[PDB]
Amino acid sequence: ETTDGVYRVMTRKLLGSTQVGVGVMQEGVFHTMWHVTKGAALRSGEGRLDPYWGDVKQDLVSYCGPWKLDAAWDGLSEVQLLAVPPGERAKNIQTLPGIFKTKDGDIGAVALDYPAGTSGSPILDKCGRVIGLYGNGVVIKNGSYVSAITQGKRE
Amino acid sequence: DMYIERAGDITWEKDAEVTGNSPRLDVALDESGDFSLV
Ligand SMILES: *C(=O)[C@H](CCCNC(=N)N)NC(=O)[C@H](CCCCN)NC(C)=O
């Protein structure tokens, strides 16, 4: 299978079938977060998906080709987390992103909480383009979870 | 071994639920790709 869309990342090494994360297939390239797969190869039916590009600091990794997703949050409008939680069906959820202010620049952040297994879920703009992936952030002075909108650099 | 299975299309849903704040946070990014609050 190679169809564009959102996928679950499953494993059988633990009890039953466990979902470790989510990813985006686009233009024949699978995109997920690095800590989901640790960079290991993946199976898509009878076929093999091999890592092609990876960076632990960005916490991104692509399979079968270079990172294709090149849309970015505009900083103004709201976005949708296409959350794909383990055991449950894909649900769009809409948010206005906040902002991670870092020494190297500011990046969007979505203040939505979902179990691990949802790491790698795509964040979308009103036009449908994937502007980043969910699952790498901080925990705030309360105890809830704020993920960055993690996006890669296309070629 | 990890395997992938499809869970949907990438599409904006026009009648989606709206939730979540828009907080502004100061963060550092270590060499391990871990965010932390400053
Ligand atoms: C996916 O593995 C999860 C997505 C958020 C689940 N946490 C929550 N609902 N509190 N990602 C993580 O848990 C992050 C682990 C990967 C860290 C990357 N170096 N942890 C954080 C703090 O984002």
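Every residue, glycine as well, gets a Cβ built from its backbone with ideal geometry; the counts of neighbours run over all protein chains shown. Each value in this text was obtained by applying a stated rule to the coordinates, not by laboratory testing.
General observations
- Two-site FRET efficiency, B:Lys14 against A:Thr2, from Cβ-Cβ distance with R₀ of 30 Å, rounded to 0.05: 0.60
- Region A:80-138-region B:1-15 distance, computed between alpha-carbon centres (Å): 14 Å
- Exposure proxy for A:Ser17, A:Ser62, B:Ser36, A:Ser44: other Cβ atoms within 10 Å of each Cβ, ordered fewest to most, give B:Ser36, A:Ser17, A:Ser44, A:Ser62.
- Inter-label distance for B:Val38 and A:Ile140, nm, one decimal - labels placed 7 Å from Cα along Cα-to-Cβ: 2.0 nm
- Interatomic Cα distance distribution for chain A, bins of 5 angstrom, percent: 2, 10, 20, 24, 22, 14, 7, 3, 1, 0
- Taking amide hydrogens as placed 1.01 Å from N in the peptide plane, the amide H of A:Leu133 sits under 5 Å from those of A:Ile123, A:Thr150, A:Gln151, each at least 5 positions away in sequence or on another chain.
- Taking amide H as placed 1.01 Å from N in the peptide plane, the amide H of A:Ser119 sits under 5 Å from that of A:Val22, each at least 5 places away or on another chain.
- Potential lengthening of the chain between A:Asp74 and A:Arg12 amounts to 18.4 nm, from the contour at 0.36 nm per residue minus the alpha-carbon distance.
- Footprinting exposure proxy for B:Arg24, A:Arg43 (fewest neighbouring C-beta atoms within 10 Å first): B:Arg24, A:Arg43
- Based on Cα contacts under 8 Å between residues 6+ apart, chain A shows a relative contact order of 21 percent.
- Backbone geometry of region A:5-12 corresponds, through the Karplus equation with coefficients 6.51, -1.76 and 1.60 at θ = phi - 60°, to 3J(HN,Hα) couplings of x, 9, 10, 9, 10, 10, 8, 10 Hz, x marking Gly and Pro.
- Close amide H contacts of B:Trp12 (hydrogens built in the peptide plane, cut-off under 5 Å, sequence separation of 5 or more or a different chain): A:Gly128.
- Shape of region A:70-155, Cα gyration tensor, a/c cut at 1.5: oblate
- Overall form of region A:1-69 per C-alpha gyration tensor (a/c, 1.5; a/b vs b/c): oblate
- Secondary-structure-derived ellipticity at 222 nm for chain A, considering helices only, amounts to -500 deg cm²/dmol, per-run term -39500 (n - 2.57) for DSSP H runs with n ≥ 4.
- Fewest-first ranking of A:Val138, A:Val61, A:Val6, using other Cβ atoms within 10 Å as the exposure measure: A:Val138, A:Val6, A:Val61
- Net charge of neighbours whose Cβ lies under 12 Å from the Cβ of A:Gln26, counting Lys and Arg as +1 and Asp and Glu as -1: -1
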